[PDB]
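Take a look at this one chain, the form deposited in one PDB entry, written out in structure tokens.
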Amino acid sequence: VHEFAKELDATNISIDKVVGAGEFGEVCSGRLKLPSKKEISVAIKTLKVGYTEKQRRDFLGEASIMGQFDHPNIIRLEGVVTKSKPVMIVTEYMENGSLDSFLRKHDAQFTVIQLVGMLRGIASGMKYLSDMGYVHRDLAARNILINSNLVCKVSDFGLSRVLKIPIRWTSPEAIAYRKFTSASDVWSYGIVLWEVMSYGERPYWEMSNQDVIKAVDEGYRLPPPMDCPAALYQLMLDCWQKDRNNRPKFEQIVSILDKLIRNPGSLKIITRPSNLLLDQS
């Protein structure tokens, strides 16, 4: 892990609050004193006492992946503690937590331009992740963290692979025969876009997995969120093209969103027999 992760001195770490339980142990928040003496807020994940070797590998493996990225919209690894126990992963603090739970607390309370800012950040982080040859495979609003300034950042590299399955977020070809590519991440990004504009509604609500799979394959798509700009719903449909070669690249998604930010009046253009809509394209 030390190729891509700084080994931290535990004297530089103060654990100030338990935030909850994670897959591998507890998650806390606290403070890290940097070599320069600057003190920053951090999230601190610990590996549970009595961990197996596999648990340690998987835990630290995520840190190894995260440590390869240095981008404002990918969660920042500050370092790890491995030479003492419990083993720890220390990341930048994100005060507003997971994006889906954050938005659920604030239904219809943000402006379209605020929401587009969030979406642009996620796209930019994904552009870099795909530039680096990684396919995330679990891109979902629950895996985006959001800070005090509403900056959104990609996290959770547990399913990430260099070039189990969350069916609702996964492209039809990835479900059909494990065809995971950056274009399947673009599909997932379309779902995240829907989640954000829906303030954290669950994609496909509580539909059976079998029906989500069948409906999507038949060409049905999530319907436009309430008061969703036409440009953003079209972007969803573009991310959801059946032919993965027809989906935009992340670079194009960033550009599209930047144009909407540059020309916010475009967002004023707003977008029947079934809940899902059959996209004829």
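Numbers follow the displayed sequence, beginning with 1.
There is another form of this protein, the form solved in complex with a small molecule, and it is not shown here; the text below is about that form.
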Among 111 to 119, 198 to 206, 174 to 182, 72 to 80, the region lying within 4.5 Å of the small molecule in the deposited complex by heavy atom distance
72 to 80
Using a 4.5 angstroms cut-off on non-hydrogen atoms, would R247 count as touching the small molecule in the deposited complex?
no
At the 4.5 Å heavy atom threshold, is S155 in contact with the small molecule in the deposited complex?
yes
So in the deposited complex, does any heavy atom of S130 sit within 4.5 Å of the small molecule?
no
Taking the shortest heavy atom distance, is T91 within 4.5 Å of the small molecule in the deposited complex?
yes
Candidate spot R168, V186 and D217, all three touching the small molecule in the deposited complex (heavy atom, 4.5 Å):
no
Among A231, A43, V254, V212, just one has a heavy atom within 4.5 Å of the small molecule in the deposited complex, namely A43
Single option in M236, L47, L32, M66 placed near the small molecule in the deposited complex, where near means a heavy atom within 4.5 Å:
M66
Distance trend in the deposited complex - C-alpha atoms of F102 and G20, change of 3 Å or more:
closer
Cα of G20 vs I144, shift of 3 Å or more in the deposited complex, relative to this form: the pair sits closer
